[PDB]
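Next comes protein35.txt, a file with compact mmCIF, C-alpha atoms and all ligand atoms.
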```
# COMPACT_ATOMS: atom_id res chain seq x y z
CA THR A 26 157.60 92.56 40.62
CA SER A 27 154.76 93.68 38.32
CA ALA A 28 153.56 97.19 37.49
CA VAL A 29 150.58 96.73 39.79
CA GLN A 30 152.76 95.46 42.59
CA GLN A 31 154.97 98.55 42.15
CA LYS A 32 151.96 100.89 42.47
CA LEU A 33 150.80 99.02 45.58
CA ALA A 34 154.30 99.46 47.03
CA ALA A 35 154.15 103.19 46.34
CA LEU A 36 150.74 103.40 47.99
CA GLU A 37 152.03 101.51 51.01
CA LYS A 38 155.15 103.69 51.30
CA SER A 39 153.00 106.86 51.44
CA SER A 40 150.50 105.31 53.92
CA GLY A 41 152.95 104.74 56.74
CA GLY A 42 151.52 101.27 57.46
CA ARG A 43 151.64 97.69 56.12
CA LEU A 44 149.40 96.67 53.22
CA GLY A 45 148.41 93.15 52.14
CA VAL A 46 146.56 92.41 48.92
CA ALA A 47 145.35 89.28 47.13
CA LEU A 48 143.37 89.30 43.92
CA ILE A 49 142.05 86.25 42.09
CA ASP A 50 140.67 86.97 38.62
CA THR A 51 138.25 84.12 37.84
CA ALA A 52 138.42 84.94 34.08
CA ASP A 53 141.73 83.00 34.00
CA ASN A 54 142.47 82.04 37.64
CA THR A 55 145.43 84.45 37.74
CA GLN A 56 146.49 86.16 40.89
CA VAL A 57 148.07 89.36 42.03
CA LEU A 59 149.65 89.36 45.51
CA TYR A 60 151.28 92.05 47.64
CA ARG A 61 152.60 90.69 50.98
CA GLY A 62 150.30 87.79 50.08
CA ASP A 63 151.93 85.35 52.49
CA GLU A 64 152.33 87.71 55.46
CA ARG A 65 149.91 87.43 58.38
CA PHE A 66 147.45 90.20 59.21
CA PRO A 67 144.84 90.51 61.98
CA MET A 68 141.46 89.69 60.40
CA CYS A 69 139.24 91.63 62.76
CA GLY A 70 135.64 91.65 61.44
CA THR A 71 136.53 89.89 58.20
CA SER A 72 136.62 86.68 60.27
CA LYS A 73 132.80 86.98 60.50
CA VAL A 74 132.60 85.53 57.00
CA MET A 75 134.22 82.27 58.14
CA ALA A 76 131.91 82.00 61.17
CA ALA A 77 128.75 82.64 59.16
CA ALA A 78 129.90 80.20 56.47
CA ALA A 79 130.57 77.50 59.08
CA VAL A 80 127.03 77.85 60.45
CA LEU A 81 125.71 77.71 56.88
CA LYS A 82 127.67 74.44 56.44
CA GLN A 83 126.05 73.03 59.60
CA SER A 84 122.64 74.06 58.23
CA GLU A 85 123.10 71.73 55.26
CA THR A 86 122.35 68.78 57.53
CA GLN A 87 119.90 70.67 59.85
CA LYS A 88 117.13 72.34 57.81
CA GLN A 89 115.82 74.19 60.86
CA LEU A 90 119.17 75.32 62.31
CA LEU A 91 118.91 78.86 60.92
CA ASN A 92 115.54 79.22 62.63
CA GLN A 93 116.89 78.24 66.11
CA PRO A 94 116.21 80.97 68.64
CA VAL A 95 119.30 82.06 70.57
CA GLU A 96 118.87 83.88 73.89
CA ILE A 97 120.33 87.39 74.07
CA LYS A 98 121.04 88.37 77.65
CA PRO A 99 122.06 91.78 78.94
CA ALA A 100 125.50 90.40 79.80
CA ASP A 101 126.00 89.21 76.19
CA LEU A 102 126.29 92.74 74.88
CA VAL A 103 129.81 93.78 74.10
CA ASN A 104 131.29 96.94 72.47
CA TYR A 105 129.28 97.12 69.26
CA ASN A 106 125.86 95.53 69.00
CA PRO A 107 123.53 97.67 66.86
CA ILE A 108 121.18 94.76 66.20
CA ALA A 109 121.54 92.55 69.30
CA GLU A 110 120.78 95.46 71.67
CA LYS A 111 117.21 95.51 70.32
CA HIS A 112 116.70 91.90 71.39
CA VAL A 113 118.13 91.80 74.90
CA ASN A 114 115.96 89.52 77.12
CA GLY A 115 114.59 88.09 73.91
CA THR A 116 115.98 85.91 71.12
CA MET A 117 117.45 86.05 67.62
CA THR A 118 117.58 83.13 65.19
CA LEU A 119 120.92 81.91 63.82
CA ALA A 120 119.86 83.42 60.45
CA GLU A 121 119.24 86.78 62.19
CA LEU A 122 122.61 86.51 63.96
CA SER A 123 124.39 85.66 60.68
CA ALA A 124 122.81 88.62 58.88
CA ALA A 125 123.61 90.98 61.79
CA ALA A 126 127.23 89.82 62.04
CA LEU A 127 127.82 90.11 58.30
CA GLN A 128 125.78 93.16 57.30
CA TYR A 129 126.19 95.30 60.41
CA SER A 130 129.33 93.75 61.94
CA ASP A 131 127.38 93.13 65.17
CA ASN A 132 129.87 91.71 67.74
CA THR A 133 127.33 90.08 70.01
CA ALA A 134 125.92 88.30 66.91
CA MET A 135 129.43 87.07 66.00
CA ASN A 136 129.88 85.70 69.54
CA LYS A 137 126.68 83.68 69.16
CA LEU A 138 127.95 82.22 65.85
CA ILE A 139 131.25 81.31 67.56
CA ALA A 140 129.38 79.67 70.47
CA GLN A 141 127.21 77.67 68.04
CA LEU A 142 130.47 76.33 66.48
CA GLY A 143 131.93 75.32 69.87
CA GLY A 144 134.26 78.29 70.32
CA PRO A 145 136.92 79.98 68.15
CA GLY A 146 138.52 76.56 67.45
CA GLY A 147 135.29 75.46 65.76
CA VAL A 148 135.61 78.29 63.25
CA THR A 149 139.24 77.25 62.65
CA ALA A 150 138.10 73.63 62.23
CA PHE A 151 135.69 74.62 59.46
CA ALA A 152 138.48 76.54 57.71
CA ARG A 153 140.69 73.43 57.78
CA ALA A 154 137.79 71.31 56.45
CA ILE A 155 137.56 73.48 53.35
CA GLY A 156 141.33 73.42 52.73
CA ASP A 157 142.39 76.65 54.45
CA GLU A 158 145.47 75.74 56.49
CA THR A 159 146.28 79.35 57.35
CA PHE A 160 143.28 80.92 58.98
CA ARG A 161 143.12 80.86 62.75
CA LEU A 162 140.51 82.20 65.14
CA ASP A 163 141.67 82.15 68.77
CA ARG A 164 139.40 84.56 70.62
CA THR A 165 135.85 85.86 70.82
CA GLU A 166 134.63 89.46 70.32
CA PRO A 167 135.88 92.03 71.08
CA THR A 168 139.40 90.80 71.96
CA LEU A 169 139.93 89.15 68.55
CA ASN A 170 140.43 92.79 67.31
CA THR A 171 143.48 93.70 69.45
CA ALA A 172 145.55 93.41 66.24
CA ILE A 173 148.91 93.58 68.03
CA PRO A 174 151.83 93.49 65.61
CA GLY A 175 153.57 90.09 65.62
CA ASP A 176 150.67 88.41 67.41
CA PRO A 177 149.58 85.31 65.42
CA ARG A 178 146.16 85.11 67.10
CA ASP A 179 143.17 85.75 64.91
CA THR A 180 145.17 86.18 61.72
CA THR A 181 145.37 84.90 58.18
CA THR A 182 147.24 85.80 54.97
CA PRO A 183 145.75 87.64 51.99
CA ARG A 184 146.44 84.62 49.70
CA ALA A 185 144.65 82.23 52.01
CA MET A 186 141.63 84.45 52.57
CA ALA A 187 141.18 85.16 48.85
CA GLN A 188 141.27 81.44 48.00
CA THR A 189 138.80 80.68 50.78
CA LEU A 190 136.43 83.50 49.86
CA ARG A 191 136.47 82.28 46.25
CA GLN A 192 135.57 78.73 47.30
CA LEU A 193 132.80 79.99 49.62
CA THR A 194 131.12 82.43 47.25
CA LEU A 195 131.84 81.07 43.74
CA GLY A 196 132.82 77.47 44.39
CA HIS A 197 131.48 74.41 46.14
CA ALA A 198 132.67 74.72 49.75
CA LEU A 199 128.97 75.21 50.62
CA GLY A 200 125.81 73.71 49.09
CA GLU A 201 124.23 75.82 46.33
CA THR A 202 121.46 77.22 48.57
CA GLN A 203 123.97 78.11 51.26
CA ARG A 204 126.40 79.72 48.78
CA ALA A 205 123.55 81.85 47.43
CA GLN A 206 122.56 82.91 50.98
CA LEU A 207 126.11 83.92 51.77
CA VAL A 208 126.41 85.95 48.57
CA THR A 209 123.06 87.63 49.26
CA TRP A 210 124.19 88.59 52.75
CA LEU A 211 127.55 89.97 51.49
CA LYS A 212 125.87 91.99 48.72
CA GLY A 213 123.61 93.53 51.39
CA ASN A 214 126.52 94.68 53.56
CA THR A 215 125.99 98.20 55.00
CA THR A 216 129.54 99.06 56.00
CA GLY A 217 131.56 98.80 52.81
CA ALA A 218 131.06 101.84 50.61
CA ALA A 219 134.29 103.59 51.72
CA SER A 220 136.54 100.58 51.35
CA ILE A 221 137.21 98.30 48.35
CA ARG A 222 134.05 99.45 46.68
CA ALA A 223 135.12 103.12 46.72
CA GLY A 224 137.96 102.14 44.39
CA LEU A 225 135.76 100.36 41.82
CA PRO A 226 133.79 101.81 38.93
CA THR A 227 130.17 102.39 39.99
CA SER A 228 128.84 99.98 37.35
CA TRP A 229 130.59 97.11 39.09
CA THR A 230 128.64 95.19 41.74
CA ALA A 231 130.09 93.52 44.79
CA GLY A 232 129.57 91.94 48.17
CA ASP A 233 132.05 92.52 50.98
CA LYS A 234 132.88 92.26 54.68
CA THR A 235 134.93 94.95 56.39
CA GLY A 236 137.04 94.76 59.53
CA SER A 237 138.50 97.31 61.94
CA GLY A 238 140.64 97.02 65.04
CA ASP A 240 143.39 98.55 67.13
CA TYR A 241 146.65 99.61 65.39
CA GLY A 242 144.43 101.40 62.85
CA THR A 243 143.72 98.00 61.37
CA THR A 244 141.44 98.51 58.36
CA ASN A 245 140.36 95.50 56.30
CA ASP A 246 137.96 94.43 53.55
CA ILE A 247 137.33 91.23 51.61
CA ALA A 248 135.11 91.18 48.55
CA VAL A 249 133.65 89.25 45.69
CA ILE A 250 133.25 91.54 42.69
CA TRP A 251 131.31 91.36 39.44
CA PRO A 252 132.92 93.83 37.06
CA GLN A 254 131.04 95.16 34.09
CA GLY A 255 131.29 92.53 31.31
CA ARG A 256 133.90 90.44 33.16
CA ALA A 257 134.06 87.21 35.18
CA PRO A 258 134.05 87.87 38.92
CA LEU A 259 137.06 88.83 41.02
CA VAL A 260 137.91 88.01 44.57
CA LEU A 261 139.88 90.72 46.39
CA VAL A 262 141.33 90.94 49.85
CA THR A 263 142.84 94.20 51.20
CA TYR A 264 144.35 94.21 54.70
CA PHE A 265 146.02 97.21 56.32
CA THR A 266 147.59 97.70 59.72
CA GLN A 267 149.66 100.47 61.36
CA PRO A 268 152.50 100.73 63.92
CA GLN A 269 150.68 102.74 66.67
CA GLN A 270 147.92 101.27 68.80
CA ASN A 271 145.71 104.35 68.49
CA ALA A 272 146.17 104.89 64.76
CA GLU A 273 143.18 106.16 62.78
CA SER A 274 141.19 103.99 60.37
CA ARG A 275 142.31 104.26 56.71
CA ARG A 276 139.49 102.95 54.53
CA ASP A 277 140.85 105.29 51.82
CA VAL A 278 143.98 103.14 51.60
CA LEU A 279 141.79 100.09 50.82
CA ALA A 280 139.91 102.10 48.18
CA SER A 281 143.27 103.12 46.66
CA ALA A 282 144.46 99.51 46.54
CA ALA A 283 141.26 98.44 44.89
CA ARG A 284 141.56 101.28 42.34
CA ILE A 285 145.08 100.16 41.41
CA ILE A 286 143.85 96.57 40.99
CA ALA A 287 140.85 97.67 38.83
CA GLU A 288 142.92 99.92 36.58
CA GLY A 289 145.41 97.05 36.17
CA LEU A 290 142.78 94.77 34.67
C1 LIG B 1 132.11 98.39 62.29
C2 LIG B 1 133.60 98.32 62.56
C3 LIG B 1 134.28 99.62 62.13
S1 LIG B 1 133.88 98.06 64.30
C4 LIG B 1 133.60 96.31 64.23
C5 LIG B 1 134.71 95.30 64.69
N1 LIG B 1 135.85 95.83 65.43
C6 LIG B 1 135.74 96.17 66.71
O1 LIG B 1 134.70 96.09 67.33
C7 LIG B 1 137.02 96.56 67.45
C8 LIG B 1 137.63 97.88 67.08
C9 LIG B 1 138.78 98.28 67.76
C10 LIG B 1 139.39 99.49 67.45
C11 LIG B 1 138.85 100.29 66.47
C12 LIG B 1 137.71 99.89 65.78
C13 LIG B 1 137.09 98.68 66.09
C14 LIG B 1 134.98 95.08 63.24
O2 LIG B 1 135.93 94.54 62.68
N2 LIG B 1 134.16 96.02 62.92
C15 LIG B 1 134.25 97.06 61.90
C16 LIG B 1 133.76 96.68 60.50
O3 LIG B 1 132.98 95.72 60.34
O4 LIG B 1 134.22 97.32 59.57
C1 LIG B 2 121.85 77.79 74.63
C2 LIG B 2 121.37 77.35 73.26
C3 LIG B 2 122.26 76.24 72.71
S1 LIG B 2 119.70 76.75 73.34
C4 LIG B 2 118.91 77.87 72.23
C5 LIG B 2 118.57 77.39 70.78
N1 LIG B 2 118.56 75.93 70.69
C6 LIG B 2 117.64 75.27 69.96
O1 LIG B 2 116.78 75.82 69.31
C7 LIG B 2 117.74 73.75 69.96
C8 LIG B 2 118.55 73.30 71.15
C9 LIG B 2 117.93 73.09 72.38
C10 LIG B 2 118.68 72.68 73.47
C11 LIG B 2 120.05 72.47 73.34
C12 LIG B 2 120.67 72.69 72.11
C13 LIG B 2 119.91 73.09 71.02
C14 LIG B 2 119.82 78.04 70.42
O2 LIG B 2 120.49 77.96 69.39
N2 LIG B 2 120.07 78.43 71.63
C15 LIG B 2 121.34 78.51 72.25
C16 LIG B 2 121.40 79.79 73.10
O3 LIG B 2 120.32 80.29 73.53
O4 LIG B 2 122.52 80.26 73.41
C1 LIG B 3 134.81 72.33 44.91
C2 LIG B 3 136.28 72.54 44.58
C3 LIG B 3 137.12 71.40 45.13
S1 LIG B 3 136.51 72.63 42.84
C4 LIG B 3 137.09 74.28 42.67
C5 LIG B 3 138.62 74.52 42.41
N1 LIG B 3 139.27 73.36 41.82
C6 LIG B 3 139.28 73.26 40.47
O1 LIG B 3 138.76 74.11 39.76
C7 LIG B 3 139.95 72.05 39.83
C8 LIG B 3 139.90 72.18 38.30
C9 LIG B 3 141.09 72.31 37.58
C10 LIG B 3 141.05 72.44 36.19
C11 LIG B 3 139.82 72.44 35.51
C12 LIG B 3 138.63 72.31 36.23
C13 LIG B 3 138.67 72.19 37.63
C14 LIG B 3 138.68 74.68 43.86
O2 LIG B 3 139.64 74.70 44.61
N2 LIG B 3 137.42 74.50 44.03
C15 LIG B 3 136.80 73.87 45.12
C16 LIG B 3 135.56 74.67 45.45
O3 LIG B 3 134.90 75.14 44.50
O4 LIG B 3 135.23 74.83 46.64
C1 LIG B 4 133.52 82.00 33.73
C2 LIG B 4 132.81 81.20 34.81
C3 LIG B 4 132.02 80.05 34.20
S1 LIG B 4 134.00 80.59 35.95
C4 LIG B 4 134.09 82.02 36.95
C5 LIG B 4 133.75 81.90 38.47
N1 LIG B 4 133.78 80.54 38.98
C6 LIG B 4 134.68 80.16 39.90
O1 LIG B 4 135.53 80.91 40.36
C7 LIG B 4 134.58 78.73 40.39
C8 LIG B 4 135.76 78.36 41.28
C9 LIG B 4 135.67 78.51 42.67
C10 LIG B 4 136.75 78.16 43.47
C11 LIG B 4 137.94 77.69 42.90
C12 LIG B 4 138.02 77.55 41.51
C13 LIG B 4 136.94 77.88 40.71
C14 LIG B 4 132.41 82.36 38.07
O2 LIG B 4 131.37 82.45 38.69
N2 LIG B 4 132.71 82.41 36.83
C15 LIG B 4 131.90 82.11 35.66
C16 LIG B 4 131.47 83.33 34.86
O3 LIG B 4 131.92 84.45 35.17
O4 LIG B 4 130.67 83.17 33.91
```

Starting from the file, lay out its structure as structure tokens.
Ligand SMILES: CC1(C)S[C@@H]2[C@H](NC(=O)Cc3ccccc3)C(=O)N2[C@H]1C(=O)O
Ligand SMILES: CC1(C)S[C@@H]2[C@H](NC(=O)Cc3ccccc3)C(=O)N2[C@H]1C(=O)O
Ligand SMILES: CC1(C)S[C@@H]2[C@H](NC(=O)Cc3ccccc3)C(=O)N2[C@H]1C(=O)O
Ligand SMILES: CC1(C)S[C@@H]2[C@H](NC(=O)Cc3ccccc3)C(=O)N2[C@H]1C(=O)O
Amino acid sequence: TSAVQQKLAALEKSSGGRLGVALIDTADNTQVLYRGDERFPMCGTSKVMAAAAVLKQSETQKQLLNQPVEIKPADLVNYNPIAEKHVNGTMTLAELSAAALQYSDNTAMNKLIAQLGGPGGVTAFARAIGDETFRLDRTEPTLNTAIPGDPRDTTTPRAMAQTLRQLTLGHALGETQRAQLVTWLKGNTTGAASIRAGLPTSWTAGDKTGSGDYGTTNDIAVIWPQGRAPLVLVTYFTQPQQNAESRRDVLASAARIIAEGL
């Protein structure tokens, strides 16, 4: 138990919920874990794996990202800020990837999942890049039920941090695809209250948030601290009551503890 792990435990104790953290510091490859091997519901953070899998497919199909996908009225689900504008029209796979990542559009995520052959296709890509933990079992919006003890649509902080590192800083994707993914993450619109609220302003980052039932509040990020090699940070948080409120502040607090511990 490290000093940082002790502060994370204190934060968790005061939060009432269950906190999972995984940091990889690429300056030396060291890691900091808190419940790093416990499973948590991914919710929207799973959108990174789906977009990355489509990017992988695009490496052998130069026109894939320009394929027009039909958006029908019935395709709309619970949260579709971008897709709703294109009902009875089409969106390209690039448009669907950007909407899923940067706006957390659920209809867009469902189109990425369908392009991959269903939730199992997203899981297959994860296995192909060495992630033996990740599992996607359902489409949107049910993949966000986040029921405690339910293994569906979960991963561990350790696994997600390693995967995010390989996707954004490593060679799991071709260079062009890696750059596209990083560009999309850096352009996220939903993350200012989460991990990034706990980092010094000078630091830059890309992230993908997630939210679900049980007050599930998640964020995964790739960070470029001022004058330091990048970090990869995963912060997952879930609560005992189905109707619990979101706690993005708890993710900010975890990130702050990690940053001050550097
Ligand atoms: C924008 C959101 C807050 S909502 C969207 C998706 N989750 C859901 O659609 C399900 C949900 C269930 C209960 C409470 C919030 C969201 C998901 O995850 N999303 C969040 C995000 O990207 O941070
Ligand atoms: C149903 C589809 C697979 S077809 C349309 C678009 N597909 C293409 O651009 C090439 C293609 C044509 C026929 C069958 C598969 C792929 C694309 O992607 N679309 C999918 C959709 O609308 O849901
Ligand atoms: C492409 C890779 C297989 S290589 C990189 C990392 N593996 C290593 O860094 C192995 C290594 C050990 C010591 C010195 C240099 C490289 C790791 O895992 N990475 C994968 C990735 O980037 O997606
Ligand atoms: C110091 C570096 C040359 S290495 C560090 C990071 N690169 C990686 O994390 C590559 C990698 C990906 C997956 C697994 C292992 C290594 C990255 O980018 N970093 C460079 C930097 O900050 O200048």

Practice problem: Write out as a PyMOL selection string which residues come within 10 Å of residue 230 in chain A when counting only C-alpha atoms, dropping same-chain ones fewer than 2 positions away. | Solution: chain A and resi 212+222+225-228+232+249-252+254+258

Same residues, C-alpha atoms, output as a tab-separated table (two decimals), in the coordinates of the input:
```tsv
chain	number	residue	atom	x	y	z
A	212	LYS	CA	125.87	91.99	48.72
A	222	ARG	CA	134.05	99.45	46.68
A	225	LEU	CA	135.76	100.36	41.82
A	226	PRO	CA	133.79	101.81	38.93
A	227	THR	CA	130.17	102.39	39.99
A	228	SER	CA	128.84	99.98	37.35
A	232	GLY	CA	129.57	91.94	48.17
A	249	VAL	CA	133.65	89.25	45.69
A	250	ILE	CA	133.25	91.54	42.69
A	251	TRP	CA	131.31	91.36	39.44
A	252	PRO	CA	132.92	93.83	37.06
A	254	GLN	CA	131.04	95.16	34.09
A	258	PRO	CA	134.05	87.87	38.92
```

Quiz prompt | Selection as a PyMOL selection string: residues within 12 Å of ligand LIG 4 (chain B) by only C-alpha atoms and all ligand atoms | solution = chain A and resi 49-55+155-156+187-199+204-205+208+249-252+254-260

Self-check item: Polymer residues at most 6 Å from range 88-92 of chain A, only C-alpha atoms, same-chain spacing of 2 or more positions, as a PyMOL selection string
Solution: chain A and resi 84+118-120

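Among the candidate residues A:279, A:154, A:207, A:80, the one lying nearest to ligand LIG 3 (chain B) is A:154, with distances computed using only C-alpha atoms and all ligand atoms.
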
Practice problem: For ligand LIG 2 (chain B), list the contacting residues at 6 Å or closer, counting only C-alpha atoms and all ligand atoms, as a list in words. | Solution: residues 93, 94, 95 and 96 of chain A

Enumerate residues in contact with ligand LIG 1 (chain B): an atom-to-atom distance of at most 8 Å, counting all atoms listed in the file. Format the result as a PDB file with C-alpha atoms, in the frame of the given file.
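Generated file (selection-v3.pdb):
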```pdb
ATOM      1  CA  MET A  68     141.460  89.690  60.400  1.00  0.00           C
ATOM      2  CA  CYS A  69     139.240  91.630  62.760  1.00  0.00           C
ATOM      3  CA  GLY A  70     135.640  91.650  61.440  1.00  0.00           C
ATOM      4  CA  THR A  71     136.530  89.890  58.200  1.00  0.00           C
ATOM      5  CA  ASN A 104     131.290  96.940  72.470  1.00  0.00           C
ATOM      6  CA  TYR A 105     129.280  97.120  69.260  1.00  0.00           C
ATOM      7  CA  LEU A 127     127.820  90.110  58.300  1.00  0.00           C
ATOM      8  CA  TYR A 129     126.190  95.300  60.410  1.00  0.00           C
ATOM      9  CA  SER A 130     129.330  93.750  61.940  1.00  0.00           C
ATOM     10  CA  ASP A 131     127.380  93.130  65.170  1.00  0.00           C
ATOM     11  CA  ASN A 132     129.870  91.710  67.740  1.00  0.00           C
ATOM     12  CA  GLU A 166     134.630  89.460  70.320  1.00  0.00           C
ATOM     13  CA  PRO A 167     135.880  92.030  71.080  1.00  0.00           C
ATOM     14  CA  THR A 168     139.400  90.800  71.960  1.00  0.00           C
ATOM     15  CA  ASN A 170     140.430  92.790  67.310  1.00  0.00           C
ATOM     16  CA  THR A 171     143.480  93.700  69.450  1.00  0.00           C
ATOM     17  CA  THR A 216     129.540  99.060  56.000  1.00  0.00           C
ATOM     18  CA  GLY A 217     131.560  98.800  52.810  1.00  0.00           C
ATOM     19  CA  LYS A 234     132.880  92.260  54.680  1.00  0.00           C
ATOM     20  CA  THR A 235     134.930  94.950  56.390  1.00  0.00           C
ATOM     21  CA  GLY A 236     137.040  94.760  59.530  1.00  0.00           C
ATOM     22  CA  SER A 237     138.500  97.310  61.940  1.00  0.00           C
ATOM     23  CA  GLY A 238     140.640  97.020  65.040  1.00  0.00           C
ATOM     24  CA  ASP A 240     143.390  98.550  67.130  1.00  0.00           C
ATOM     25  CA  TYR A 241     146.650  99.610  65.390  1.00  0.00           C
ATOM     26  CA  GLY A 242     144.430 101.400  62.850  1.00  0.00           C
ATOM     27  CA  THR A 243     143.720  98.000  61.370  1.00  0.00           C
ATOM     28  CA  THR A 244     141.440  98.510  58.360  1.00  0.00           C
ATOM     29  CA  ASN A 245     140.360  95.500  56.300  1.00  0.00           C
ATOM     30  CA  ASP A 246     137.960  94.430  53.550  1.00  0.00           C
ATOM     31  CA  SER A 274     141.190 103.990  60.370  1.00  0.00           C
TER      32      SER A 274
END
```

Practice problem: Kindly indicate which residue among A:223, A:100, A:148, A:173 lies nearest to residue 269 in chain A, using all atoms listed in the file for the distances. | Solution: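 Smallest distance to residue 269 in chain A is found for A:173.
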
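CA of residue 152 in chain A lies 8.1 Å from CA of residue 79 in chain A.
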
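From CA of residue 165 in chain A back to CA of residue 138 in chain A, the distance works out to 10.0 Å.
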
Quiz item: So how far away is CA of residue 161 in chain A from CA of residue 146 in chain A, in Å?
Solution: 7.9 Å

Quiz prompt | Residue with smallest distance to ligand LIG 3 (chain B) - pool A:63, A:110, A:176, A:157, counting all atoms listed in the file | solution =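 For ligand LIG 3 (chain B), the nearest of the given residues is A:157.
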
Practice problem: Select, from A:183, A:123, A:76, A:201, the residue with the minimum atom-to-atom distance to ligand LIG 3 (chain B), counting only C-alpha atoms and all ligand atoms. | Solution: A:201

Quiz item: Taking (139.4, 104.0, 49.2) in the file's coordinates as the center, which residues reach within 8 Å of it, counting only C-alpha atoms, put as an NGL selection string?
Solution: :A and (219-224 or 276-284)

Please produce an output containing C-alpha atoms for each residue in the selection, written as a CSV table (one decimal), in the frame of the given file.
```
chain,number,residue,atom,x,y,z
A,219,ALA,CA,134.3,103.6,51.7
A,220,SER,CA,136.5,100.6,51.4
A,221,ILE,CA,137.2,98.3,48.4
A,222,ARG,CA,134.0,99.4,46.7
A,223,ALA,CA,135.1,103.1,46.7
A,224,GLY,CA,138.0,102.1,44.4
A,276,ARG,CA,139.5,103.0,54.5
A,277,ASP,CA,140.8,105.3,51.8
A,278,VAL,CA,144.0,103.1,51.6
A,279,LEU,CA,141.8,100.1,50.8
A,280,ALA,CA,139.9,102.1,48.2
A,281,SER,CA,143.3,103.1,46.7
A,282,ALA,CA,144.5,99.5,46.5
A,283,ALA,CA,141.3,98.4,44.9
A,284,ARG,CA,141.6,101.3,42.3
```

Quiz prompt | Of the listed residues A:117, A:139, A:185, A:33, that which approaches ligand LIG 3 (chain B) most closely, counting only C-alpha atoms and all ligand atoms | solution = A:185
